[PDB]
């Protein structure tokens, strides 16, 4: 009957956005429990004008809740998500720690019908921001387009590395601007005014962890309706938001008007045309729409279509998608 919710990792940037969204969207919960690692435990957070104590995830009784959003480090998910589900609590894990089979990635806008096959209590993953934003835009297009090759170049902001990344960028930028010795802390090289070729270390085949994750999730979410995905994630000196440059190679010449029509008609997507474009700073930050522009064909190949996508990785790609999934689970998986 009453729905009790836990938010694990509540003090992180994604956890915090998710709690604000529960309040904003009037999520129909009875009791809300905010949890973090013993580190962050004991501090207070605002919710619905009231003030809540963050508790230690290690001490928490998950039988007390009916739904849990895991927005903490992957190690927290590994340590607790399955145990939480055994306790009767449905889990939405944003860290992807238990992908691909124990906790399959699910998105309402993409593969919601994949819920119909699990039995409650659920244990699901909500995709990383980049994969969520790519798939949200591609899903409605794939009813019309036959995509044979998909190229993604993702330019990631430093918020992808959490609040310390935001701090590192601001600090490095300042040191340089008033001519002080640059001293990197989170990195071993300059990130200010620089583009890094990769995000984090690469494996023996040259792929980074985020690239692996995006790849695994896109193939779980979209499946067979696309051909080979090629993913590059670059680190940009920007604070917030994902900026994606996508090329689709299709089977047939692309009806560009139909593409922009579909994007324009889809809820949660804002189509930008007439030679203007969205940006993370100008458009994406702090709001729910994923913005899509620069829809055009190849200069040579009418069978190619490019898209430019910008979205708030914290609020939209991660948090709102997780909450929308929770809203779906409430709605008909009562």
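Numbering follows the first chain given and starts at 1.
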{"property": "Mean temperature factor over C-alpha atoms, higher-scoring stretch between 258-266 and 182-190", "result": "182-190"}
{"property": "Stretch with the higher entry mean CA B-factor, where the candidates are 206-214 and 114-122", "result": "114-122"}
{"property": "For residue 146, the third of its chain into which the C-alpha B factor falls", "result": "highest"}
{"property": "Among modelled residues of the same chain, the CA temperature factor third for residue 303", "result": "middle"}
{"property": "Residue 62 - Cα temperature factor, lowest/middle/highest third of chain", "result": "middle"}
{"property": "Ranked C-alpha temperature factor of residue 226 among modelled chain residues, by third", "result": "highest"}
{"property": "Third of chain Cα B-factors occupied by residue 198", "result": "lowest"}
